Amino acid sequence: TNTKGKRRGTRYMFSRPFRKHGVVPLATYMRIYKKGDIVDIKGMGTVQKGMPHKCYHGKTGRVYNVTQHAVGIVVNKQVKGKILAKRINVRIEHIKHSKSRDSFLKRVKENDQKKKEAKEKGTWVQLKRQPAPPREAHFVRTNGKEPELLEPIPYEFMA
Amino acid sequence: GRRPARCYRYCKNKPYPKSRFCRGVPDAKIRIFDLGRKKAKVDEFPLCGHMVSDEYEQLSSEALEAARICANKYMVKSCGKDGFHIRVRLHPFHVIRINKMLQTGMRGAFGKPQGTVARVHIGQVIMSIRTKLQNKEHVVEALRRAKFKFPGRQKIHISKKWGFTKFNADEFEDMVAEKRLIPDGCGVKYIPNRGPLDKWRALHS
Amino acid sequence: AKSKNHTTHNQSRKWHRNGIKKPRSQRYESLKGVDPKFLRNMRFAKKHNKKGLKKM
Amino acid sequence: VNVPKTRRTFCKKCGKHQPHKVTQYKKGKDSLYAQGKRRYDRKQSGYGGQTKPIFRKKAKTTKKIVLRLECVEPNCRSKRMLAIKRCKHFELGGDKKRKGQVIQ
RNA sequence: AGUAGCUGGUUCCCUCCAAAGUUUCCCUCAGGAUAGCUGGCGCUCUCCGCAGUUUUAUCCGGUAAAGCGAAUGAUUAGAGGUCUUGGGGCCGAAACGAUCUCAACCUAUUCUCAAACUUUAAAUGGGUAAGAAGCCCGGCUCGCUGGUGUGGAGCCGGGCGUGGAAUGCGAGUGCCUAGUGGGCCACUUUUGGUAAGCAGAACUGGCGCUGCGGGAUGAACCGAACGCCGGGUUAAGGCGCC
RNA sequence: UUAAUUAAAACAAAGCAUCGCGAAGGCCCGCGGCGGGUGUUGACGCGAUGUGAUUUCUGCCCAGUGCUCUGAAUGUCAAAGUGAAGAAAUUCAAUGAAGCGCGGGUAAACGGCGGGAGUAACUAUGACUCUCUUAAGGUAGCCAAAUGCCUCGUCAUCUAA
RNA sequence: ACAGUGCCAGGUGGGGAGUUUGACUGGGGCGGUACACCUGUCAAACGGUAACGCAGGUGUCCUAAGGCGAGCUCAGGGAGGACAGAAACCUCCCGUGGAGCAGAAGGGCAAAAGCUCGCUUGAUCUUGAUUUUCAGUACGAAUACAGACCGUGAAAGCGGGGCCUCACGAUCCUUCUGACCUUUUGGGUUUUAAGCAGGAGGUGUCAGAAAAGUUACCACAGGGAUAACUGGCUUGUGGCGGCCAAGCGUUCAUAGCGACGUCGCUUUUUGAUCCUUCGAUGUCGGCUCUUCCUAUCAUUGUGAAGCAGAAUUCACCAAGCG
RNA sequence: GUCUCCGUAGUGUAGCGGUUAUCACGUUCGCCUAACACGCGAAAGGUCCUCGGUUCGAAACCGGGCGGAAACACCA
RNA sequence: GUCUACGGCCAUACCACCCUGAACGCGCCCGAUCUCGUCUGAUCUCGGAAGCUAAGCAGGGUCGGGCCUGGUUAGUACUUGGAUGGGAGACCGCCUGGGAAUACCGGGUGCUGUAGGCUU
Ligand SMILES: [Mg+2]
Ligand SMILES: [Mg+2]
Ligand SMILES: [Mg+2]
Ligand SMILES: [Mg+2]
Ligand SMILES: [Mg+2]
Ligand SMILES: [Mg+2]
Ligand SMILES: [Mg+2]
Ligand SMILES: [Mg+2]
Ligand SMILES: [Mg+2]
Ligand SMILES: [Mg+2]
Ligand SMILES: [Mg+2]
Ligand SMILES: [Mg+2]
Ligand SMILES: [Mg+2]
Ligand SMILES: [Mg+2]
Ligand SMILES: [Mg+2]
Ligand SMILES: [Mg+2]
Ligand SMILES: [Mg+2]
Ligand SMILES: [Mg+2]
Ligand SMILES: [Mg+2]
Ligand SMILES: [Mg+2]
Ligand SMILES: [Mg+2]
Ligand SMILES: [Mg+2]
Ligand SMILES: [Mg+2]
Ligand SMILES: [Mg+2]
Ligand SMILES: [Mg+2]
Ligand SMILES: [Mg+2]
Ligand SMILES: [Mg+2]
Ligand SMILES: [Mg+2]
Ligand SMILES: [Mg+2]
Ligand SMILES: [Mg+2]
Ligand SMILES: [Mg+2]
Ligand SMILES: [Mg+2]
Ligand SMILES: [Mg+2]
Ligand SMILES: [Mg+2]
Ligand SMILES: [Mg+2]
Ligand SMILES: [Mg+2]
Ligand SMILES: [Mg+2]
Ligand SMILES: [Mg+2]
Ligand SMILES: [Mg+2]
Ligand SMILES: [Mg+2]
Ligand SMILES: [Mg+2]
Ligand SMILES: [Mg+2]
Ligand SMILES: [Mg+2]
Ligand SMILES: [Mg+2]
Ligand SMILES: [Mg+2]
Ligand SMILES: [Mg+2]
Ligand SMILES: [Zn+2]
C-alpha cells in the first residue's frame, strides 16, 4: 500500500516552475480578498506555512474569513459518493482571484446597460447567449481560377 | 546458459536501465559498435545502407554482437578491411530479469538481472554500413546475411543521405562547395548564416 | 488462504444510485469559524443598531 | 539533550514571566492507602492467584523527560510540570556548545 | 436442551421494489462492528430547482509523445586544439631545447537512451462560474481598523424581471431497516512472472441475480433484455441437405 | 509381553555398581487421629536408581545443570517481637530463620570429550615443531557395524556377471 | 518444656490443578514484516488506487541544530605568493547553488532557509475553529486565529519548537503539579482518603489480552477457501527438431558435422499454478494382460556417403512383425 | 536457496572512534661455542580483502562487491 | 530626449566585448574631529567638495551567446470514442473527434506607476 503522508505525490505539484524560483513577487501579498470572493487554490512550495493539502490544489472556492495572512475558503471536495463543503485555512500565497466569474460580471453590466438602453428606444435586443449556430449560405468566388487539383502522394520508404 | 530469445522478444516491461536502483547487471555481449575504416573522411564513403526494423521488439545484446560479426566478416571478404565502415545503431540498455527456480514459488518473485536488450521500434535503423558506391551489392548482401541473427522482420534500405550524415546525397556536393558543410572527419559540420561575422571571414579566407 | 486486497470496482455505480449530491446551499451561512475579534465587533454593531432607529 | 538549570518562563500564580529553577521530575513512591492500591490488595488476598494483568511486552526504550519548574519568587514558589520529547540521554546545565574549537 | 465465528435443514400463493462481495476498526483473515449498496413508512412543497450531458469563460495537472548539439544520469565515434599533465619514443653535454607519437584534458560535432531524468508538452480528465441569495441607489450601528465621515462588516429603506447558454427532467426532506462485507470475466491501460484458464491494480461494462436469437456445444462472446397473445418487421447471424 | 495387525534385538533376569536410613528413622499411604504399609522387619535389612550372565576392561572433564557438605564470618531476606517521631492512624529505624548468594566434594549424577600452519636427501606421509584454544579436548577398543551423508566408499574374496 | 499439635509468615514444590502457547503468508512450517509510520516510483498529467511490487528511511537528534536581528556567501575552478609539495595559509578573479540546511528521499531556499556573531527562552500560560487519516470517530501531526505574558529588532514585523513532508500511545491504575477549591454522610477541628484540571509511568500485534512446548497414543467441527496423486492451462527446465553459415572435414561451409545467433515442436522430466476431488477417486515397484503412438533398433522396398568389397553412417515410404 | 558469521606482517592471532596497528613463532645482524643448538643484546617487515559513504578523525561505524565457514531445507 | 528616489511585472530587462554621454542628477572621489566599526576609515559610519567620466550607470552597436515570440517539424508523433477490421503474433490500417516537441528558418531585445529634476 501507500503511505498516508501529507505531501506524498507532490514532487511536481508544489515545485516552482522553471526559472521562476527565489523571491515571491510582492503583488502576491497586495491582492485584496473579501468575503464572498472566488479564488483558485494553487499550493506554492516556496512558502511552507498555510499550505493547502494536495487534494485542494487546482480547486476553486469561496472566501468566508480573512485573517492577517490567510483566508478561510469553502471549497467542495468529493469523497466517495458525497461532496463535502470543506473549510480550509490557506495563506494568501497559495490563492489567486478567479477569473471564472469576471466574464459573467462583464456580461451583467453589458446586459444591464443594453436592457436599459433598448428600453428607452422601444426596441428588443438579445441578452441571452446562444450556442454557435450552423453557418449560413454564402458564395465562394473562384476569380476565374480553377481549384488546385490534389492527389495522394506515392509511398516512399524514407527509412 | 541463457533462456531462449523467445522468452524476451516483446517489450512487455517499462525500460529498465542499469542505474543506481538496478545494480549488479552483467556486461553486455556487444562492446564495439563501430568497426572497419572508422577514420575515413565523409567523402570517401558516399553510399550508406541500413538494416531497419519492421517490428517493435527487443533485440538481445547477443544478437547484436552476432550480427555485427556476420555483417563485418562479409564486408572484409568482399570489400576489403578498409573499404567500409559499419555502425551498430542500437545499444542494449533495457535490462531483463530472471526469477530463478530450482522453493518459495511465486513468493518474492522479482527477478535478478540476467542480461540486456535493445528496444527497437518499427522503422528504426538497427545497423548501418557506409562504403563506396560500387559496393552497393556487397552492402545489401552483408545486411541480408545479418538479418538471420535477429528475430522478427527487417528491411534493407539504401539511404538517400550521403554517408552517415543527415544531408541528402543529391545536394551534398553543392553544400560543401558553397561552404554550408565543412568536413569534420566521419561527418560534416553545418555552417548557418548566423553568428559572428568573424567566422564567415575565417571560412572565406 | 489469500483473498482479494482492494478494489473500487462497482463503487461509482453505487455512488450514483442515489446521485452524488452537491452540498445544500442556504442564503445565510453560519458564522462558525470566523475571526473571533471580528465577530466580537459584529455583535457589538448588531447590539447597538437600535440607537439609530429614529434617524432611519 | 542538554537543558539549562534556569529559565525565565510563565508562572501561572504570578501571571507573568519569572525565573524558574529547573530539575528533573521523579515518580514518587507509591502509597499503600491509595484506593487503587487498597482495592488491589483486597483482590489479591486469599486464593485465585494473580487477578490483574502483568505487562510484559515492553517496547519503548526511552521516556519523556518531565522538567520540574519552580518559581524563585520567595512568596510564590509555585511549581509546574513541563514534558519534552523522548531522549536517550538527558542532563541539566551541562557544558554549552562552542564553535570553531579544536577537537582534541 | 453444555458452547460452537463451523456443516446440514428451515414448510402456501400471487403482486411491487431490489443488492453486496467495497471503506475504516477489531488476537481481525471461514467472523463481527462501521460507511456504502436495499426495502418500508411517510411527510414538505410543485404541477423554481436539479443533471454520471454538452456549450461558453476560467483555472488545475507532468502522463502519452518528445528532448538529450537543454540540467541530472547513462552512452558510441571520429575531428580540431593542446601544455595544463602523462606513456612511448628520439637528438643529446641538456634544460619547457628539438622531434615526433599515443593518451588523458579543452572546444565544436556525432550514434544511442531513462519507472524512481527533464527545458517542452497533448488527448481523455478534475474544480469553478453562467443572476433576484443578482445588480444599483440612500441611510444607520460598531467596543473592530484608522491621517481622513478612512476601511471592513452588519443592519434598514428604495428602484430595477428580456428568470440572462443548449438539452432533458417535478423535487426536497426525515425515521426505521434487511441481506452483503469469498467474487469472478472482457475491451482498453497496467505490476510481478518464461508463461499460465497464474497472481495483483485502474476504467467502464458484464456474469453473479438472467431468461431469450446467434457463436453446433459453452456463466462472461455477438444481438437483445422477459406480463399472456395475434399480425408485421428486424438485430446479430445466416439461406447445398441435416 | 502389545486379549483382537508388532513374540522381537523390547521387558525381566543372575551378576555388577551406586544412593537413603540405627526407629522421635528411611521410603511410602491417608481428608482425619496416640491413623496406616515396609514391619511377625533392624543394615548379610528395608527402601530408591542405573547397567545387564561369564571373560576382559571401564580412560580424561566438577566449567554447565543437579545433588550434597560448612557456616554468624555474612550480602539479601517474611511475619512476629524491639526502639524512635506523631494526636493517632501511620512512617521510620535497628535487628536478621530457612532459602538464595559465597566456599568445598561429587560423573557406575545428567552429561561432555577442538582448530590452523610448517616439517625426514625423489614422491607421499609426516614421528617432530610453532600457534589459537577449552572444564576435558575421545584414551583402550571398535567400525561404511542395526551407527558413514558423500556412497553402489576403496582393496581382497564369493559369481559368468 | 523440647518432640508434637493448632494458626499465621518466608522458602521449596510439573508430585498435582487450571490455562496459554499472535497474525499476515502463492498450503503450512522455516524465512521475512509487506502489523504503527515516512520519501521517490508504480499510478494510466485532479485526488484515490493492489501484490511477500521496486529503491530507501523510522522508534532518534538538538540550550541550540529553538527565537529574533545584523553582517556575510557557498561547491568547484583559474592565476599568483618563503619554507609549501596533489593537499596548510595569504591575495585577486570566475562561480545559478553544481554547497549547506541533524537524518531517508522529494520539494524549498542566496543582502537566505546556508555561515558567523549579539541578545534570548514563542520549546511558556489559555478557550474554541480548521486540516490531514477518516466513519468525515480517536490519536498523532499540522494550519489560521483570539486572549495573556514575553523575546528580538531602530522599526515594520517575526516567534507560541526544529524550512516542509515521519519521528509515536486509550480506559482502569499509579505518581507529580494547581485552588484560601469540593466532598470525607448527625455536627465541628485536624490528619487521611476521594473528587476536579493538567503532565508523566505503556501497551512496537503500535484503536492498546497477562502466556512455553510435544503428540507417531491422539480427538472433534469443518475445509477442495488449503498442501500430499491423476487430470487441466503454461513449458522456464528436460526432451526433440529447424533456419543462417564462422569453422571442422588433408582439399572442400552443408558426405557427415557445425560456433556466434535465432525459430519452433512435445508433454514419457522437473517446475510454476491451486481449477476439480478432504460425508475419501486406495498412495511406489514388480507380476500379469490388451491395446495404441512414432520421435525406426531390427526386418521389407529405397535415395546419399569422405559407399571398392565387407562393415558402417545419413535420409525416405513405413509401426506388419519382433 | 534462507539465516548467521569471518578476512590484520611469512604462520597462528589481540585491537575498550584519536594506538609509534598487541603477542608468539618466524626472518636479518652481532655476541656466546672449536662449531651447531640453547641462551643474551638489536633490526626490519602488515595493499588492516576491495569500492563507496557518514565522521574533525574509520582497521573499527554503515552500505555494495570478492573469497570463506557454520546452522537449516520439514508433513506428505 | 533623459535622469534621480521608491516601485510593479521580473532576461524583449541577462552575459560578453566596443563606441558615445549636453545639463541636472547618480557616482567615482578627498579626509577621520565628531557618531560608528575595522588586523587595515578597504568595507561600514561620519565630515566634505580639489579633480574625473577612467569606471559604475544610461543610450547605441555585434551576419554575438542567451532570452521572448512566430514558421517548419506537421495534421506528423500521440490520443477520445467504433467494428464479427487485418495479422499466428508483434503490431498495423480505417472510421469519429482532439492534436504535440526538437533540429532547421525568421523577427524582436524591456514596458510602465507615483513623486522630483534637467533638457528654447
Ligand atoms: Mg511486465
Ligand atoms: Mg474480501
Ligand atoms: Mg495468602
Ligand atoms: Mg448436545
Ligand atoms: Mg471463524
Ligand atoms: Mg487487540
Ligand atoms: Mg463455507
Ligand atoms: Mg507521475
Ligand atoms: Mg516516454
Ligand atoms: Mg486475475
Ligand atoms: Mg452468491
Ligand atoms: Mg442487476
Ligand atoms: Mg443477460
Ligand atoms: Mg464453435
Ligand atoms: Mg411475432
Ligand atoms: Mg445454420
Ligand atoms: Mg497383537
Ligand atoms: Mg502374533
Ligand atoms: Mg548410573
Ligand atoms: Mg558441579
Ligand atoms: Mg560425542
Ligand atoms: Mg581413536
Ligand atoms: Mg509443580
Ligand atoms: Mg500441567
Ligand atoms: Mg496463520
Ligand atoms: Mg488519473
Ligand atoms: Mg539575514
Ligand atoms: Mg498571541
Ligand atoms: Mg533552523
Ligand atoms: Mg478496562
Ligand atoms: Mg463523630
Ligand atoms: Mg513416538
Ligand atoms: Mg510426524
Ligand atoms: Mg500435480
Ligand atoms: Mg529447451
Ligand atoms: Mg577448412
Ligand atoms: Mg481449489
Ligand atoms: Mg484462483
Ligand atoms: Mg465421492
Ligand atoms: Mg475405483
Ligand atoms: Mg515416420
Ligand atoms: Mg559633463
Ligand atoms: Mg576612503
Ligand atoms: Mg566612457
Ligand atoms: Mg542572437
Ligand atoms: Mg530602457
Ligand atoms: Zn511565581
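The rules we used
Residues numbered from 1 in each chain as written, not as in the entry; some residues may be left out. Chains lettered and ligands numbered in written order. Part of a larger assembly, values for the part shown. Heavy atoms only, no water. Helix = DSSP H or I, 4+ residues; strand = E, 2+ residues; numbered from the N terminus. Contact = heavy atoms within 4.5 Å. Salt bridge = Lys/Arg side-chain N within 4 Å of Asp/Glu carboxyl O. Near = heavy atom within 4 Å. Polar contact = N/O pair within 3.5 Å; in protein donor to acceptor, adjacent residues only side chain to side chain. Nonpolar A, V, L, I, M, F, W, Y, C, P; charged D, E, K, R; others polar. Core = buried A, V, L, I, M, F, W, Y, C linked by side-chain atoms within 4.5 Å. Buried < 20%, exposed > 50% of the residue type's maximum accessible area, 1.4 Å probe, protein only. Buried area = accessible area lost by both parts, 1.4 Å probe. 1 Å grid on protein atoms, 1.4 Å probe; cavity = no way out; pocket = protein on both sides within 12 Å on 5 of 7 lines; lining within 4 Å. Points joined across faces, edges and corners; volume = space filled by probe spheres on them. Pairing = 2+ DSSP bridges. Axes fitted to C-alpha atoms, helices over the stretch in contact; angles between N-to-C directions.

The record names cryo-EM as the way this model was obtained, at a resolution of 2.69243 Å.

The next subject is the environment of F10 of chain D. All names here are of chain D. Looking at where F10 falls in the secondary structure, it is placed in strand β2 (residues 6–11). Along the chain, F10 and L69 lie 59 residues apart, while their C-alpha atoms are 10 Å from each other. Those residues in contact with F10 that sit more than four places away from it in its chain are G15, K16, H17, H20 and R80.

This brings us to the pattern of salt bridges. If you walk through the whole model with that rule in mind, you get 21 salt bridges over all chains. As a salt-bridge pair, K155 of chain B and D54 of chain B come within 3.6 Å of each other at their nearest N and O atoms. Between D30 of chain D and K27 of chain D there is a salt bridge; the shortest N-O distance is 2.9 Å. Look at the salt bridges and you will find they share partners, linking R62 and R87 of chain A together with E29 of chain C into a network.

In this section: the protein's contact with RNA strand E. Near RNA strand E lie 101 residues; those nearest to it are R3, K38 and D184 of chain B together with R24 and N41 of chain C. Counting only atoms of RNA strand E within 4 Å of the protein, the sugar-phosphate share comes to 71%. Separating a phosphate oxygen of RNA strand E from a side-chain N or O atom of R129 of chain A is a distance of 2.8 Å. In this structure, a base oxygen belonging to RNA strand E sits 2.9 Å away from a side-chain N or O atom of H48 of chain C. Elements supplying a minimum of two residues to the surface near RNA strand E: β1 (38–41) and α2 (102–120) of chain A, β5 (94–98) of chain B together with α1 (11–15) and α2 (36–47) of chain C. In terms of residue count, the dominant contributor to the surface near RNA strand E is α2 of chain A (9 residues). Classifying every residue of the surface near RNA strand E by side-chain character gives 28 nonpolar, 32 polar and 41 charged.

Okay, the nonpolar core next. Of all hydrophobic cores here, the largest spans 26 residues; its most connected members are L64, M75, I86, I126, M127, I129 and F150 of chain B. At the level of secondary structure, the elements contributing two or more residues to this core comprise α1 (61–79), β4 (84–88), β6 (112–120), β7 (125–131) and α2 (136–146) of chain B. Here the element with the most residues in this core is α1 of chain B; it accounts for 7 residues. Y33, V71, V90 and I92 of chain A belong to the second largest nonpolar core, which has 12 residues in total.

Between chain C and chain A, the contact holds 12 residues from the first and 12 residues from the second. Buried area between chain C and chain A, both sides added, is near 950 Å², and the carbon and sulfur share of it is 53%. Summed over the shared surface of chain C and chain A, the result is 2 salt bridges. The residue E29 of chain C makes a salt bridge to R62 of chain A at a minimum N-O spacing of 2.6 Å. Our count for the chain C to chain A interface comes out at 3 residue pairs in polar contact.

Now for the side chain of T165 of chain B. Residue and element names in this part refer to chain B. With respect to the helices and strands, the residue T165 is situated in the loop between β8 (154–158) and α3 (169–177). Of note is the side chain of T165, whose polar atom sits 2.7 Å from the backbone oxygen of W162. Polar contacts involving the side chain of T165 include one to the main-chain amide nitrogen of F167, which spans 3.4 Å. Ignoring any residue separated from it by four or fewer positions in sequence, one finds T165 in contact with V42, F172, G187 and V188.

Within the secondary structure, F104 of chain A is located in helix α2. Sequence separation of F104 of chain A and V90 of chain A is 14 residues, and the distance between their C-alpha atoms is 26 Å.

Space inside the largest cavity adds up to approximately 30 Å³. In the lining of the largest cavity, the residues fall into 4 nonpolar, 3 polar and 2 charged.

All names here are of chain D. Here β2 runs beside strand β3 (residues 16–24); their pairing, made up of 6 bridges, is antiparallel. Looking across to β3, one finds that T9 is bridged to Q18. Where β2 folds back on β3, the antiparallel hairpin that results is connected by 4 residues, among which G15 adopts a positive phi of roughly 70°.

Our next topic: the sheet that holds β7 of chain B. Residues and elements named next belong to chain B. Strand order in the open sheet made by the 5 strands is β1-β4-β7-β2-β8, with antiparallel pairing throughout. Bordering the open sheet on either side are β1 (34–36) and β8, each of which pairs with just one other strand. Between one strand axis and the next, the sheet turns by 15° as a mean value, whatever way the strands run. Examined bridge by bridge, strand β2 (residues 47–53) and β8 share 5 bridges and lie antiparallel to one another. In the sheet register, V52 faces β8, and the bridge partner there is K155. α1 contacts β1, β4 and β7 of the sheet and is inclined by roughly 170° relative to β4.

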